[PDB]
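Below is one structure; the comments refer to it alone.
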Amino acid sequence: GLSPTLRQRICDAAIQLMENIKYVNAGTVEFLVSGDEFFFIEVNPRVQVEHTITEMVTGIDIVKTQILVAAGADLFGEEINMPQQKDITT
Amino acid sequence: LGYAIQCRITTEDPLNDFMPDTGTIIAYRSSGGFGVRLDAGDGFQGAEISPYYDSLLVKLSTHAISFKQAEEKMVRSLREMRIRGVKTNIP
């Protein structure tokens with residue numbers, strides 16, 4: 001229901017944060033929303049119980065990746081196989 | 001979105017010329033996991049297996065982002081499997 005560009009901004013906010021502090025491994029940026037604005041709540045620096053759901057719509061094994069990042073491996077490499085940002089959707 | 005692989009677990013003896021084995025399963029453990037789909041047929045701890053139909057224990061389908069990934073997912077599930085008291089095409 002949330003507007004297709006109102007999500008993109010929320011998505012963009014998150015990314016702007018973790019990009020600014022060079023975040024390594026999975027994390028989750030919690031936002032609180034109302035009308036047409038986000039407010040940042042917390043960060044869960046790890047897998048959330050609810051990961052599976054995101055993996056089902058994006059087709060990425062999140063946990064599997066956690067291990068490979070740890071391993072020294074590359075986001076867009078032969079091993080993790082992450083699709084370019086503009087290629088990731090649902 | 002990514003790649004998937006499927007295959008069937010039957011009672012064909014890969015040593016014997018894939019003559020389906022008959023008789024009664026005494027132990028059945030199956031892998032699941034995210035990316036894995038099981039479509040059980042005659043595989044479960046009770047089943048006695050009739051010579052009468054196309055043998056088919058479990059339809060196994062896997063699904064990751066890279067084909068190689070989904071390939072490993074498959075292998076582990078094959079490996080993680082456990083059927084007893086009839087030879088299987090699994091190896």
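For the structure tokens, the naming scheme is as follows: chains receive sequential letters (A, B, ...) according to their order of presentation, residues are indexed from 1 within each chain, and ligands are indexed from 1 in presentation order.
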Near chain A, meaning an atom within 12 Å, which residues of chain B appear when counting only C-alpha atoms? Write them as a short mmCIF file (atom, residue, chain, number, x, y, z; two decimals) with N, CA, C and O atoms, in the first residue's frame.
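Printed below is out.cif as written:
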data_model
loop_
_atom_site.label_atom_id
_atom_site.label_comp_id
_atom_site.auth_asym_id
_atom_site.auth_seq_id
_atom_site.Cartn_x
_atom_site.Cartn_y
_atom_site.Cartn_z
N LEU B 1 14.05 -15.61 -11.18
CA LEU B 1 14.82 -15.30 -9.99
C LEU B 1 15.68 -16.49 -9.61
O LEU B 1 15.17 -17.53 -9.19
N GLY B 2 16.99 -16.34 -9.79
CA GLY B 2 17.93 -17.43 -9.61
C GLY B 2 17.64 -18.66 -10.46
O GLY B 2 16.99 -18.59 -11.49
N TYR B 3 18.12 -19.80 -9.98
CA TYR B 3 18.04 -21.05 -10.71
C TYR B 3 17.52 -22.15 -9.76
O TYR B 3 17.73 -22.08 -8.54
N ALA B 4 16.81 -23.12 -10.32
CA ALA B 4 16.36 -24.27 -9.54
C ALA B 4 16.80 -25.59 -10.17
O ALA B 4 17.04 -25.66 -11.38
N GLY B 33 14.79 -27.26 4.77
CA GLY B 33 15.62 -26.04 4.74
C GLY B 33 15.09 -24.98 3.79
O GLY B 33 14.33 -25.30 2.88
N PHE B 34 15.50 -23.73 4.00
CA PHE B 34 15.14 -22.65 3.08
C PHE B 34 15.74 -22.91 1.67
O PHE B 34 16.92 -23.25 1.55
N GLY B 35 14.93 -22.77 0.62
CA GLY B 35 15.37 -23.13 -0.72
C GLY B 35 15.03 -24.54 -1.18
O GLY B 35 15.04 -24.83 -2.37
N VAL B 36 14.69 -25.40 -0.22
CA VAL B 36 14.38 -26.81 -0.47
C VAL B 36 12.87 -27.09 -0.55
O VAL B 36 12.10 -26.57 0.24
N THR B 62 15.45 -27.86 -5.51
CA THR B 62 16.17 -26.78 -4.79
C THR B 62 16.24 -25.48 -5.58
O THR B 62 15.99 -25.46 -6.78
N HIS B 63 16.64 -24.40 -4.91
CA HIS B 63 16.48 -23.05 -5.48
C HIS B 63 17.32 -21.97 -4.76
O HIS B 63 16.97 -21.52 -3.66
N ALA B 64 18.44 -21.58 -5.38
CA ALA B 64 19.31 -20.50 -4.87
C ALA B 64 19.51 -19.41 -5.95
O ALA B 64 18.93 -19.52 -7.02
N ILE B 65 20.31 -18.37 -5.68
CA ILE B 65 20.50 -17.31 -6.68
C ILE B 65 21.44 -17.71 -7.79
O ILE B 65 21.19 -17.40 -8.95
N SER B 66 22.55 -18.34 -7.45
CA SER B 66 23.43 -18.89 -8.47
C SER B 66 23.19 -20.37 -8.67
O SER B 66 22.95 -21.10 -7.72
N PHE B 67 23.25 -20.80 -9.91
CA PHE B 67 23.07 -22.21 -10.23
C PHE B 67 23.95 -23.11 -9.36
O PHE B 67 23.49 -24.15 -8.87
N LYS B 68 25.21 -22.72 -9.18
CA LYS B 68 26.13 -23.49 -8.34
C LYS B 68 25.60 -23.57 -6.92
O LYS B 68 25.62 -24.64 -6.29
N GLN B 69 25.11 -22.45 -6.41
CA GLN B 69 24.50 -22.44 -5.09
C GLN B 69 23.39 -23.47 -4.97
O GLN B 69 23.45 -24.35 -4.11
N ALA B 70 22.41 -23.41 -5.87
CA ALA B 70 21.31 -24.35 -5.83
C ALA B 70 21.81 -25.79 -5.97
O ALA B 70 21.22 -26.71 -5.40
N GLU B 72 24.72 -27.05 -4.71
CA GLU B 72 25.13 -27.45 -3.36
C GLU B 72 23.92 -27.73 -2.48
O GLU B 72 23.89 -28.73 -1.75
N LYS B 73 22.93 -26.85 -2.54
CA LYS B 73 21.74 -27.02 -1.72
C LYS B 73 21.19 -28.41 -1.97
O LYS B 73 20.90 -29.15 -1.04
#
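Shortest atom-to-atom contact with residue 27 in chain A among A:53, A:75, A:70, A:43: A:43, counting only C-alpha atoms.
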Shell of 10 Å around range 51-59 of chain B, only C-alpha atoms, local chain residues under 3 positions omitted, as a PDB file with N, CA and C atoms, in the first residue's frame:
ATOM      1  N   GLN B   6      15.790 -29.909 -10.091  1.00  0.00           N
ATOM      2  CA  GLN B   6      14.969 -31.014  -9.590  1.00  0.00           C
ATOM      3  C   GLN B   6      15.461 -32.400  -9.976  1.00  0.00           C
ATOM      4  N   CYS B   7      15.041 -33.381  -9.178  1.00  0.00           N
ATOM      5  CA  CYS B   7      15.378 -34.776  -9.392  1.00  0.00           C
ATOM      6  C   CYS B   7      14.469 -35.620  -8.501  1.00  0.00           C
ATOM      7  N   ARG B   8      14.369 -36.904  -8.823  1.00  0.00           N
ATOM      8  CA  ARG B   8      13.514 -37.809  -8.086  1.00  0.00           C
ATOM      9  C   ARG B   8      14.330 -38.877  -7.375  1.00  0.00           C
ATOM     10  N   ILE B   9      13.952 -39.172  -6.135  1.00  0.00           N
ATOM     11  CA  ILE B   9      14.569 -40.248  -5.370  1.00  0.00           C
ATOM     12  C   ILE B   9      13.761 -41.538  -5.525  1.00  0.00           C
ATOM     13  N   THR B  10      14.265 -42.495  -6.296  1.00  0.00           N
ATOM     14  CA  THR B  10      13.513 -43.722  -6.515  1.00  0.00           C
ATOM     15  C   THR B  10      14.192 -44.910  -5.865  1.00  0.00           C
ATOM     16  N   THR B  11      13.606 -46.095  -6.042  1.00  0.00           N
ATOM     17  CA  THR B  11      14.198 -47.334  -5.537  1.00  0.00           C
ATOM     18  C   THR B  11      14.944 -48.072  -6.637  1.00  0.00           C
ATOM     19  N   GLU B  12      15.416 -47.342  -7.641  1.00  0.00           N
ATOM     20  CA  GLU B  12      16.235 -47.956  -8.685  1.00  0.00           C
ATOM     21  C   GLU B  12      17.666 -48.144  -8.200  1.00  0.00           C
ATOM     22  N   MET B  19      16.709 -51.625 -11.804  1.00  0.00           N
ATOM     23  CA  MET B  19      15.508 -52.373 -11.497  1.00  0.00           C
ATOM     24  C   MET B  19      15.006 -51.830 -10.170  1.00  0.00           C
ATOM     25  N   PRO B  20      13.781 -51.283 -10.159  1.00  0.00           N
ATOM     26  CA  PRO B  20      13.225 -50.788  -8.907  1.00  0.00           C
ATOM     27  C   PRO B  20      13.173 -51.886  -7.849  1.00  0.00           C
ATOM     28  N   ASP B  21      13.696 -51.598  -6.654  1.00  0.00           N
ATOM     29  CA  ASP B  21      13.545 -52.483  -5.489  1.00  0.00           C
ATOM     30  C   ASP B  21      12.132 -52.379  -4.893  1.00  0.00           C
ATOM     31  N   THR B  22      11.659 -53.461  -4.270  1.00  0.00           N
ATOM     32  CA  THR B  22      10.352 -53.467  -3.595  1.00  0.00           C
ATOM     33  C   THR B  22      10.541 -53.538  -2.078  1.00  0.00           C
ATOM     34  N   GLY B  23       9.498 -53.904  -1.343  1.00  0.00           N
ATOM     35  CA  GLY B  23       9.653 -54.158   0.087  1.00  0.00           C
ATOM     36  C   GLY B  23       9.550 -52.904   0.930  1.00  0.00           C
ATOM     37  N   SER B  30      14.357 -36.932   6.380  1.00  0.00           N
ATOM     38  CA  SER B  30      14.503 -36.022   5.246  1.00  0.00           C
ATOM     39  C   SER B  30      14.957 -34.614   5.637  1.00  0.00           C
ATOM     40  N   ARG B  37      12.452 -27.921  -1.502  1.00  0.00           N
ATOM     41  CA  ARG B  37      11.065 -28.402  -1.554  1.00  0.00           C
ATOM     42  C   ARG B  37      10.974 -29.920  -1.728  1.00  0.00           C
ATOM     43  N   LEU B  38      10.207 -30.552  -0.843  1.00  0.00           N
ATOM     44  CA  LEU B  38      10.047 -31.999  -0.845  1.00  0.00           C
ATOM     45  C   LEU B  38       8.663 -32.354  -1.278  1.00  0.00           C
ATOM     46  N   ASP B  39       8.581 -33.208  -2.282  1.00  0.00           N
ATOM     47  CA  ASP B  39       7.299 -33.755  -2.646  1.00  0.00           C
ATOM     48  C   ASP B  39       7.300 -35.278  -2.451  1.00  0.00           C
ATOM     49  N   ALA B  40       7.008 -35.689  -1.221  1.00  0.00           N
ATOM     50  CA  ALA B  40       7.062 -37.084  -0.849  1.00  0.00           C
ATOM     51  C   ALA B  40       6.068 -37.900  -1.664  1.00  0.00           C
ATOM     52  N   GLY B  41       6.486 -39.101  -2.066  1.00  0.00           N
ATOM     53  CA  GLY B  41       5.617 -40.065  -2.723  1.00  0.00           C
ATOM     54  C   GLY B  41       5.445 -41.317  -1.879  1.00  0.00           C
ATOM     55  N   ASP B  42       6.378 -42.254  -1.995  1.00  0.00           N
ATOM     56  CA  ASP B  42       6.318 -43.485  -1.212  1.00  0.00           C
ATOM     57  C   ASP B  42       7.317 -43.487  -0.054  1.00  0.00           C
ATOM     58  N   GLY B  43       8.013 -42.374   0.157  1.00  0.00           N
ATOM     59  CA  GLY B  43       8.973 -42.256   1.254  1.00  0.00           C
ATOM     60  C   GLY B  43       8.349 -41.819   2.577  1.00  0.00           C
ATOM     61  N   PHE B  44       8.330 -42.753   3.533  1.00  0.00           N
ATOM     62  CA  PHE B  44       8.003 -42.503   4.944  1.00  0.00           C
ATOM     63  C   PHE B  44       8.162 -43.813   5.724  1.00  0.00           C
ATOM     64  N   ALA B  47       5.991 -47.168   4.811  1.00  0.00           N
ATOM     65  CA  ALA B  47       5.586 -47.623   3.480  1.00  0.00           C
ATOM     66  C   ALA B  47       6.175 -48.971   3.111  1.00  0.00           C
ATOM     67  N   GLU B  48       5.312 -49.889   2.689  1.00  0.00           N
ATOM     68  CA  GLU B  48       5.764 -51.031   1.914  1.00  0.00           C
ATOM     69  C   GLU B  48       5.599 -50.708   0.435  1.00  0.00           C
ATOM     70  N   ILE B  83      17.347 -43.026   3.977  1.00  0.00           N
ATOM     71  CA  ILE B  83      16.360 -44.071   3.753  1.00  0.00           C
ATOM     72  C   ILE B  83      16.993 -45.435   4.032  1.00  0.00           C
ATOM     73  N   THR B  88      18.558 -47.270  -3.075  1.00  0.00           N
ATOM     74  CA  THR B  88      17.989 -46.051  -3.662  1.00  0.00           C
ATOM     75  C   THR B  88      18.908 -45.446  -4.723  1.00  0.00           C
ATOM     76  N   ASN B  89      18.323 -44.690  -5.646  1.00  0.00           N
ATOM     77  CA  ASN B  89      19.083 -44.041  -6.702  1.00  0.00           C
ATOM     78  C   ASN B  89      19.896 -42.855  -6.184  1.00  0.00           C
TER      79      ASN B  89
END
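DSSP, applied to the backbone of this structure, assigns strand (DSSP E) to the following residues of chain B: residues 3, 4, 5, 6, 7, 8, 9, 23, 24, 27, 28, 29, 36, 37, 38, 39, 40, 48, 49, 58, 59, 60, 61, 62, 63, 64, 82, 83 and 84 of chain B.
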Any chance you can output those residues with N, CA, C and O atoms as an mmCIF file, in the first residue's frame?
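Contents of the output file part-v4.cif:
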data_model
loop_
_atom_site.group_PDB
_atom_site.id
_atom_site.type_symbol
_atom_site.label_atom_id
_atom_site.label_comp_id
_atom_site.auth_asym_id
_atom_site.auth_seq_id
_atom_site.Cartn_x
_atom_site.Cartn_y
_atom_site.Cartn_z
ATOM 1 N N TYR B 3 18.118 -19.797 -9.985
ATOM 2 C CA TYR B 3 18.037 -21.049 -10.708
ATOM 3 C C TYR B 3 17.516 -22.145 -9.760
ATOM 4 O O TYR B 3 17.729 -22.084 -8.539
ATOM 5 N N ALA B 4 16.807 -23.124 -10.317
ATOM 6 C CA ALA B 4 16.356 -24.275 -9.544
ATOM 7 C C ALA B 4 16.800 -25.589 -10.173
ATOM 8 O O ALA B 4 17.041 -25.658 -11.378
ATOM 9 N N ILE B 5 16.904 -26.629 -9.353
ATOM 10 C CA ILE B 5 17.234 -27.965 -9.839
ATOM 11 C C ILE B 5 16.245 -28.966 -9.267
ATOM 12 O O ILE B 5 15.896 -28.878 -8.091
ATOM 13 N N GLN B 6 15.790 -29.909 -10.091
ATOM 14 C CA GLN B 6 14.969 -31.014 -9.590
ATOM 15 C C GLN B 6 15.461 -32.400 -9.976
ATOM 16 O O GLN B 6 16.137 -32.582 -10.992
ATOM 17 N N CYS B 7 15.041 -33.381 -9.178
ATOM 18 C CA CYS B 7 15.378 -34.776 -9.392
ATOM 19 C C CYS B 7 14.469 -35.620 -8.501
ATOM 20 O O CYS B 7 13.921 -35.129 -7.508
ATOM 21 N N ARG B 8 14.369 -36.904 -8.823
ATOM 22 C CA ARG B 8 13.514 -37.809 -8.086
ATOM 23 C C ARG B 8 14.330 -38.877 -7.375
ATOM 24 O O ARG B 8 15.250 -39.455 -7.949
ATOM 25 N N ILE B 9 13.952 -39.172 -6.135
ATOM 26 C CA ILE B 9 14.569 -40.248 -5.370
ATOM 27 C C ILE B 9 13.761 -41.538 -5.525
ATOM 28 O O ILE B 9 12.676 -41.656 -4.954
ATOM 29 N N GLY B 23 9.498 -53.904 -1.343
ATOM 30 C CA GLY B 23 9.653 -54.158 0.087
ATOM 31 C C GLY B 23 9.550 -52.904 0.930
ATOM 32 O O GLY B 23 9.156 -51.858 0.427
ATOM 33 N N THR B 24 9.958 -52.998 2.196
ATOM 34 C CA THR B 24 9.400 -52.167 3.278
ATOM 35 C C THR B 24 10.450 -51.239 3.939
ATOM 36 O O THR B 24 11.482 -51.722 4.419
ATOM 37 N N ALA B 27 13.276 -46.881 8.033
ATOM 38 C CA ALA B 27 13.880 -45.647 8.523
ATOM 39 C C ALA B 27 13.883 -44.598 7.413
ATOM 40 O O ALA B 27 14.348 -44.856 6.295
ATOM 41 N N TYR B 28 13.358 -43.419 7.732
ATOM 42 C CA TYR B 28 13.202 -42.366 6.759
ATOM 43 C C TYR B 28 13.388 -41.024 7.435
ATOM 44 O O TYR B 28 12.598 -40.629 8.275
ATOM 45 N N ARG B 29 14.477 -40.350 7.101
ATOM 46 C CA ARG B 29 14.722 -39.006 7.589
ATOM 47 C C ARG B 29 14.901 -38.149 6.360
ATOM 48 O O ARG B 29 15.531 -38.594 5.397
ATOM 49 N N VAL B 36 14.692 -25.402 -0.223
ATOM 50 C CA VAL B 36 14.382 -26.815 -0.471
ATOM 51 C C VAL B 36 12.871 -27.095 -0.547
ATOM 52 O O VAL B 36 12.104 -26.572 0.244
ATOM 53 N N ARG B 37 12.452 -27.921 -1.502
ATOM 54 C CA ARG B 37 11.065 -28.402 -1.554
ATOM 55 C C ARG B 37 10.974 -29.920 -1.728
ATOM 56 O O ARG B 37 11.552 -30.494 -2.662
ATOM 57 N N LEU B 38 10.207 -30.552 -0.843
ATOM 58 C CA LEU B 38 10.047 -31.999 -0.845
ATOM 59 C C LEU B 38 8.663 -32.354 -1.278
ATOM 60 O O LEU B 38 7.685 -31.885 -0.706
ATOM 61 N N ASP B 39 8.581 -33.208 -2.282
ATOM 62 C CA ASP B 39 7.299 -33.755 -2.646
ATOM 63 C C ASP B 39 7.300 -35.278 -2.451
ATOM 64 O O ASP B 39 7.611 -36.047 -3.359
ATOM 65 N N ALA B 40 7.008 -35.689 -1.221
ATOM 66 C CA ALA B 40 7.062 -37.084 -0.849
ATOM 67 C C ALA B 40 6.068 -37.900 -1.664
ATOM 68 O O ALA B 40 4.969 -37.432 -1.954
ATOM 69 N N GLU B 48 5.312 -49.889 2.689
ATOM 70 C CA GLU B 48 5.764 -51.031 1.914
ATOM 71 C C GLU B 48 5.599 -50.708 0.435
ATOM 72 O O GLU B 48 4.579 -50.142 0.031
ATOM 73 N N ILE B 49 6.623 -51.026 -0.355
ATOM 74 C CA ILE B 49 6.707 -50.573 -1.743
ATOM 75 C C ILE B 49 6.265 -51.622 -2.759
ATOM 76 O O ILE B 49 6.897 -52.668 -2.914
ATOM 77 N N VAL B 58 10.766 -39.469 -3.112
ATOM 78 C CA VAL B 58 10.628 -38.027 -2.908
ATOM 79 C C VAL B 58 11.033 -37.220 -4.135
ATOM 80 O O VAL B 58 12.152 -37.337 -4.630
ATOM 81 N N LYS B 59 10.163 -36.320 -4.562
ATOM 82 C CA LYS B 59 10.568 -35.310 -5.526
ATOM 83 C C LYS B 59 11.315 -34.214 -4.792
ATOM 84 O O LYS B 59 10.764 -33.571 -3.886
ATOM 85 N N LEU B 60 12.576 -34.031 -5.174
ATOM 86 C CA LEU B 60 13.468 -33.052 -4.551
ATOM 87 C C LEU B 60 13.757 -31.878 -5.502
ATOM 88 O O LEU B 60 14.263 -32.072 -6.614
ATOM 89 N N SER B 61 13.365 -30.676 -5.081
ATOM 90 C CA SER B 61 13.616 -29.441 -5.830
ATOM 91 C C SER B 61 14.393 -28.445 -4.970
ATOM 92 O O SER B 61 14.036 -28.216 -3.817
ATOM 93 N N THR B 62 15.453 -27.855 -5.510
ATOM 94 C CA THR B 62 16.166 -26.785 -4.789
ATOM 95 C C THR B 62 16.240 -25.480 -5.578
ATOM 96 O O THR B 62 15.991 -25.463 -6.785
ATOM 97 N N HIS B 63 16.638 -24.398 -4.909
ATOM 98 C CA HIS B 63 16.476 -23.053 -5.477
ATOM 99 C C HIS B 63 17.320 -21.971 -4.759
ATOM 100 O O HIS B 63 16.972 -21.521 -3.659
ATOM 101 N N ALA B 64 18.438 -21.581 -5.381
ATOM 102 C CA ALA B 64 19.305 -20.496 -4.871
ATOM 103 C C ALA B 64 19.515 -19.412 -5.949
ATOM 104 O O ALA B 64 18.931 -19.523 -7.023
ATOM 105 N N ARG B 82 18.072 -39.859 4.468
ATOM 106 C CA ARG B 82 18.333 -41.141 5.100
ATOM 107 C C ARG B 82 17.167 -42.085 4.894
ATOM 108 O O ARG B 82 16.120 -41.948 5.529
ATOM 109 N N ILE B 83 17.347 -43.026 3.977
ATOM 110 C CA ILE B 83 16.360 -44.071 3.753
ATOM 111 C C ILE B 83 16.993 -45.435 4.032
ATOM 112 O O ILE B 83 18.176 -45.636 3.776
ATOM 113 N N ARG B 84 16.230 -46.346 4.626
ATOM 114 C CA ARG B 84 16.786 -47.638 5.011
ATOM 115 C C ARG B 84 15.907 -48.805 4.569
ATOM 116 O O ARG B 84 14.675 -48.709 4.566
#
Between CA of residue 5 in chain A and CA of residue 66 in chain A, what is the distance, to one decimal in Å?
28.9 Å
